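Each remark here refers to the structure printed beneath this line.
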Amino acid sequence: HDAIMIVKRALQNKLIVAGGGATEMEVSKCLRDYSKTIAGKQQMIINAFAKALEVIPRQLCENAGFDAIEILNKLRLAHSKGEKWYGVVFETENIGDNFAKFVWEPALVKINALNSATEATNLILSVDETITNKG
Amino acid sequence: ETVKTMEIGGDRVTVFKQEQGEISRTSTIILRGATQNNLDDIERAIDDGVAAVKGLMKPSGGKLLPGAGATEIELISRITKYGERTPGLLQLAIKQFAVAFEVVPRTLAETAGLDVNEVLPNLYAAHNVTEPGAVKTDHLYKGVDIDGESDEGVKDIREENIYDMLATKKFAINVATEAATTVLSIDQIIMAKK
Amino acid sequence: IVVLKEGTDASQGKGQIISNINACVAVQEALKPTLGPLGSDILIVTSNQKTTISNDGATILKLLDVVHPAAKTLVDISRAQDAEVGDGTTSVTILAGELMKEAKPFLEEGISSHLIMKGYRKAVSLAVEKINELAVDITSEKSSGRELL
Amino acid sequence: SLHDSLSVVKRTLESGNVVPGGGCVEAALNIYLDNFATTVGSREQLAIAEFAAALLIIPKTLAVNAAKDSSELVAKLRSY
Amino acid sequence: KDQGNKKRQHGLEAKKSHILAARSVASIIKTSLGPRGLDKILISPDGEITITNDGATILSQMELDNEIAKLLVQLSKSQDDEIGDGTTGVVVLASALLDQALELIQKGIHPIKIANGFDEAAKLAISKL
Amino acid sequence: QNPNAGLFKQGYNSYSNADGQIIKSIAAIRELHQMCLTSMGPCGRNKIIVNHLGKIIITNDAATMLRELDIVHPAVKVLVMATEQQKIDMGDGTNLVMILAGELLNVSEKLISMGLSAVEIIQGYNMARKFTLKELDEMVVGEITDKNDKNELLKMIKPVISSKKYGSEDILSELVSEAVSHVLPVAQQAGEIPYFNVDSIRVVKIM
């Protein structure tokens with residue numbers, strides 16, 4: 001029954017990415033690499049977005065009681081070399097390969113969440129001067 | 001001719017459409033989107049476009065002007081020349097009226113995040129050029145570009161075909177001048193308590 | 001008689017966007033404890049003296065009823081994400097709040113909102129490309145239709 | 001003018017070990033320390049990164065004093 | 001909605017306010033523990049006046065506007081439907097555990113670790129008993 | 001204790017140029033001039049306005065903002081009425097009219113500071129208006145031949161959608177052209193006989 005539930009959840013969406021912040025770390029690393037080859041304020045904005053992408057693993061570690069500084073440093077060190085499947089392990093406070101451990105989240109869910117967050121951020125920041133009525 | 005129920009995005013609606021006989025003179029636009037604010041903005045844009053289309057009639061409806069502030073810069077130059085030619089104290093007012101038109105390029109530059117201190121002189125140079133002849137030539141239709149990623153100077157209007165209706169601009173100028181004169185003509189306001 | 005603004009005025013300039021950022025950061029901090037399966041619960045009491053304790057992002061958003069006009073946009077976006085997707089509701093709010101925090105120094109330095117929006121759009125496009133590359137879907141490559149499961 | 005030029009050139013020559021100025025050292029150190037911080041961790045990565053970012057103040061201040069857009073110049077320097 | 005007069009707390013402030021509320025609740029029934037407990041004169045908000053030393057009745061008739069205390073009150077009421085005889089003891093033990101958790105937090109231990117340690121300690125104590 | 005002299009009308013609100021009201025009106029108009037300056041242009045931005053029903057209104061149209069905002073000063077009312085006239089008669093260019101009027105008043109403030117009488121300012125503005133209106137006739141580069149084809153319609157549709165919904169002009173212009181083509185009759189090169197009506201096209205949205 002346990003295995004059937006696991007495989008059912010996996011089959012409901014076969015398009016998956018490494019969980020535990022590994023996907024966020026890979027996206028942040030790629031964004032930083034691209035920004036290193038991009039001039040202008042675009043570089044600063046891309047760096048800020050990449051840094052912000054690391055909030056999810058940071059808050060997950062904080063809520064889990066782990067040492068945020070050490071776990072994040074280890075994740076950065078491991079993810080920057082070799083495989084990109086390294087992520088935060090919640091069973092034990094350390095960094096390991098989530099893909100090998102079968103820890104994943106849907107890719108479409110991640111894409112939709114990123115799009116929604118970007119839309120909300122742009123909409124709130126789209127206005128620098130506003131005259132808003134009270135009610 | 002045909003009456004059916006059609007499903008669009010999970011919502012079923014009834015449509016009365018004409019195919020061969022009694023051809024309908026009306027059409028409907030259906031917008032789809034998960035954000036209500038975006039849908040409202042799109043609806044406003046569609047309404048504005050529909051209103052503008054009705055303006056393509058004979059009275060300067062079809063006439064096209066170079067948009068993105070190019071027309072504004074040309075008018076600035078022409079009005080400045082006219083004010084210089086105009087004798088008397090009217091020259092100061094003509095020059096100020098010309099300067100008032102500099103807002104459009106300034107607004108375009110600011111809203112696009114471009115540095116006005118560089119765009120404005122570049123626009124002035126582009127619209128005020130010296131050519132090897134008695135008649136200006138080359139790219140005299142340069143407008144105000146927004147870029148946003150990477151660019152130098154501004155792009156020509158013909159590259160993106162950004163044109164404005166002559167009737168719209170003319171009527172807007174007339175109404176704006178009338179309103180400005182009306183406001184300026186008031187030097188005292190007296191009201192009675194209700 | 002009837003006043004649309006109820007006699008309340010608002011300032012203009014970077015102050016408005018800074019206040020919006022502050023409100024969004026407040027919402028992000030409020031929803032922060034609920035992130036993840038181990039997230040802490042929040043005790044919310046309605047006007048009818050009804051108390052509910054839960055770490056569900058959708059429930060927290062529904063019971064919070066943010067009054068700030070700006071943060072309400074993020075609340076509505078999160079609610080739409082939950083209704084249409086159902087996963088990552090809190091993650092969207094957290095990411096939005098973090099981006100708002102990061103945007104604050106850029107605004108303080110004089111960077112216009114258009115530049116920030118364009119940069120965020122470019123970064124999000126790059127992130128989508130990287131997600132598509134990282135996306136795993138194996139049919140017969142070093143596996144089979146059943147081995148993957 | 002020749003006296004002044006000889007004085008300055010002699011001062012430059014007497015320094016037998018020199019490094020390029022005008023923000024070259026600051027930007028190069030920033031990039032090098034940013035790369036280095038990614039190999040240390042141990043609670044020191046944040047401090048090293050902040051120290052590296054600190055050196056970017058000098059080029060930013062120089063650009064501001066030059067009546068130019070400091071963001072673009074600093075970004076181009078970092079990219080180079 | 002109803003932003004005006006809306007209560008809110010910070011992490012460092014809430015972690016102490018909850019424990020203070022727990023201590024205040026524990027003081028309600030501290031004297032009622034054991035056969036030699038003290039009788040308390042209570043008047044319910046509905047006007048019910050009675051004298052009793054039962055922790056369950058004391059908590060049921062004694063209402064308060066503190067949400068943290070309402071958790072203890074609801075837990076005591078729920079227990080009253082099961083056995084009901086350990087209400088005072090359960091509340092006292094919960095208050096002591098909360099005070100110990102506060103002390104641990106002041107020493108730098110995350111609340112989740114404290115909860116896990118308390119759960120393991122309870123398991124060991126039950127096994128020994 | 002301070003005596004009051006020169007006031008004989010009423011204690012109600014009253015303004016005169018003796019205290020510089022000619023510049024105070026311009027300053028008051030500037031409050032909404034700044035508001036509308038952020039709407040014009042392809043990179044325009046909307047604003048959040050709370051309705052009397054507690055609903056949230058977000059739009060890029062300056063005229064809608066003015067309608068949803070409370071107007072008190074008569075000087076602002078003049079510009080509001082001018083914008084309403086612009087919208088009713090033309091259907092577009094409200095931002096142009098508002099911004100142009102604001103800038104004209106701003107430069108009139110400088111003229112007044114210089115010491116130029118308002119009469120001369122008005123005369124010069126009228127002369128410059130006539131000159132600009134005459135010159136606009138010679139500034140035409142292209143012209144719509146009224147073929148009623150989608151390709152020709154898009155030329156005018158695309159710029160209209162821009163500055164109202166940034167980033168989606170390509171699809172909105174195609175939608176508008178398709179909708180118009182369904183209602184336009186079989187005719188070309190005829191600008192004296194109206195064929196297209198504003199109400200001929202209905203707009204609906206589905207979530």
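Residues are referred to by chain and number: the chain letter is A, B, ... according to the order shown in the structure tokens, the number counts from 1 in that chain, and ligands are numbered separately from 1 in the order shown.
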Interface list for chain C, partner chain D, 12 Å threshold, only C-alpha atoms, as a PyMOL selection string: chain C and resi 106+109-111
Selection: 9 Å around residue F:154, only C-alpha atoms, excl. self and same-chain fewer than 6 positions, as a PyMOL selection string: chain F and resi 173-174+176-177
Distance filter 10 Å, only C-alpha atoms, chain A against chain B, as a ChimeraX atom specification: /A:39-42,116,119,123
Include C-alpha atoms and write out the residues we just selected as a compact mmCIF listing (two decimals), in the first residue's frame.
```
# COMPACT_ATOMS: atom_id res chain seq x y z
CA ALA A 39 26.48 44.01 -18.28
CA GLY A 40 24.33 46.79 -16.89
CA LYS A 41 21.68 46.82 -14.21
CA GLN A 42 20.40 43.53 -15.65
CA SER A 116 2.82 33.73 -9.91
CA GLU A 119 3.56 38.49 -11.54
CA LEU A 123 2.24 44.19 -10.13
```
Test item: residues at most 8 Å from residue E:45, only C-alpha atoms, excluding those fewer than 5 positions along its chain, as a ChimeraX atom specification: /E:61-63
Residue selection dump (N, CA, C and O atoms) as an mmCIF file, in the first residue's frame:
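Generated file (result_15.cif):
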```
data_model
loop_
_atom_site.group_PDB
_atom_site.id
_atom_site.type_symbol
_atom_site.label_atom_id
_atom_site.label_comp_id
_atom_site.auth_asym_id
_atom_site.auth_seq_id
_atom_site.Cartn_x
_atom_site.Cartn_y
_atom_site.Cartn_z
ATOM 1 N N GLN E 61 -15.927 26.888 34.120
ATOM 2 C CA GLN E 61 -16.632 28.103 34.505
ATOM 3 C C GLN E 61 -15.779 29.355 34.357
ATOM 4 O O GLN E 61 -16.326 30.447 34.170
ATOM 5 N N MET E 62 -14.456 29.225 34.436
ATOM 6 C CA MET E 62 -13.554 30.372 34.356
ATOM 7 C C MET E 62 -13.170 30.584 32.897
ATOM 8 O O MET E 62 -12.416 29.798 32.319
ATOM 9 N N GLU E 63 -13.692 31.650 32.302
ATOM 10 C CA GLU E 63 -13.369 32.015 30.932
ATOM 11 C C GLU E 63 -12.358 33.158 30.912
ATOM 12 O O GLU E 63 -12.162 33.866 31.902
#
```
Residues of chain C within 12 Å of chain E, only C-alpha atoms counted, as JSON, numbers by chain: {"C": [26, 29, 30, 32, 33, 38, 39, 40, 42, 43, 44, 45, 46, 47, 48, 49, 50, 51, 52, 53, 61, 62, 63, 64, 65, 66, 67, 68, 69, 72]}
Mind listing as a PDB file with C-alpha atoms, in the first residue's frame which residues of chain F are within 10 Å of chain C, counting only C-alpha atoms?
```
ATOM      1  CA  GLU F  31      -1.127  67.376  -7.968  1.00  0.00           C
ATOM      2  CA  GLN F  34       2.003  64.387 -11.698  1.00  0.00           C
ATOM      3  CA  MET F  35      -0.560  61.582 -11.399  1.00  0.00           C
ATOM      4  CA  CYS F  43       5.757  52.008 -20.532  1.00  0.00           C
ATOM      5  CA  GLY F  44       2.864  53.537 -18.599  1.00  0.00           C
ATOM      6  CA  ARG F  45       1.724  52.163 -15.264  1.00  0.00           C
ATOM      7  CA  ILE F  48      -4.651  51.281  -7.222  1.00  0.00           C
ATOM      8  CA  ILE F  49      -7.864  53.143  -6.357  1.00  0.00           C
ATOM      9  CA  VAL F  50     -10.406  51.949  -3.787  1.00  0.00           C
ATOM     10  CA  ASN F  51     -14.037  52.300  -4.853  1.00  0.00           C
ATOM     11  CA  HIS F  52     -16.847  53.444  -2.565  1.00  0.00           C
ATOM     12  CA  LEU F  53     -18.080  49.821  -2.556  1.00  0.00           C
ATOM     13  CA  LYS F  55     -13.597  47.122  -4.425  1.00  0.00           C
ATOM     14  CA  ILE F  56     -10.092  47.502  -5.855  1.00  0.00           C
ATOM     15  CA  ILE F  57      -9.747  49.328  -9.187  1.00  0.00           C
ATOM     16  CA  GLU F  68     -12.536  57.657  -9.471  1.00  0.00           C
ATOM     17  CA  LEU F  69     -10.741  60.571  -7.761  1.00  0.00           C
ATOM     18  CA  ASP F  70     -12.448  63.431  -5.936  1.00  0.00           C
ATOM     19  CA  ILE F  71     -12.216  66.805  -7.697  1.00  0.00           C
TER      20      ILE F  71
END
```
All residues 10 Å or closer to residue E:93, only C-alpha atoms, same chain fewer than 6 positions away omitted, as a list in words: residues 26, 87 and 99 of chain E
Output file for the selection above: N, CA and C atoms, as a PDB file, in the first residue's frame:
```pdb
ATOM      1  N   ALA E  26      -1.814  28.053  34.866  1.00  0.00           N
ATOM      2  CA  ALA E  26      -1.408  27.048  35.841  1.00  0.00           C
ATOM      3  C   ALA E  26      -1.673  27.521  37.262  1.00  0.00           C
ATOM      4  N   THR E  87      -7.194  16.419  35.096  1.00  0.00           N
ATOM      5  CA  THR E  87      -7.186  17.746  34.487  1.00  0.00           C
ATOM      6  C   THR E  87      -6.173  18.657  35.169  1.00  0.00           C
ATOM      7  N   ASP E  99       7.479  25.873  30.864  1.00  0.00           N
ATOM      8  CA  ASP E  99       8.537  26.632  31.525  1.00  0.00           C
ATOM      9  C   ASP E  99       9.910  26.070  31.174  1.00  0.00           C
TER      10      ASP E  99
END
```
